[PDB]
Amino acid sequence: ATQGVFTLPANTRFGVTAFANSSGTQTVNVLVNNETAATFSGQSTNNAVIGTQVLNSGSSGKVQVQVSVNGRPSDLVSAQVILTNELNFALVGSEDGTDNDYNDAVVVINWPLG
């Protein structure tokens, strides 16, 4: 099944933050309405934040997270969780190798903000 794709309410500010846990340099791309809106790149094996930014879901509300290492797309796992019917978390994990820890690049999208 497709992973890393989330439908957010339209024209809503949301945060996107990425963490790295791999020897390989992680390239995290965030698309809004199928067009790039943010790109983070970094390397860490200690969960360092390689990027964080505030974006707007726009008219479509479509947000997609892509993760690659040296140009090769990583396998993604994702889900959205909503607490008290208000607080949203769109979560993404990714695997660039063979150990299957799926934390090589971890991306957290949260809203509402402010």
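The first residue of the sequence shown is number 1, and the count goes up from there.
Inset, instruction - Could you settle it for me: does 77-85 or 40-48 have the higher average Cα B factor in the PDB entry? - result: The recorded data point to 40-48.
Inset, instruction - Taking the values exactly as deposited, rank residue 92 by C-alpha B-factor within its chain and report the matching third: lowest, middle or highest. - result: It belongs to the lowest third of the chain when residues are ordered by C-alpha B-factor.
Inset, instruction - Divide the modelled residues of the chain into thirds by Cα B-factor and specify which third, lowest, middle or highest, holds residue 1. - result: Highest third of the chain for residue 1's C-alpha B-factor.
Inset, instruction - Sort the modelled residues of this chain by their C-alpha B factor and say whether residue 101 lands in the lowest, middle or highest third. - result: Ranked within chain, residue 101 CA B lands in the middle tercile.
Inset, instruction - Would you please rank residue 64 by its C-alpha temperature factor against the other modelled residues of its chain and give the third it falls in: lowest, middle or highest? - result: It falls in the bottom third of the chain.
Legend entry - Entry-reported Cα temperature factor of residue 70, expressed as the chain third it lands in: Highest third of the chain for residue 70's C-alpha B-factor.
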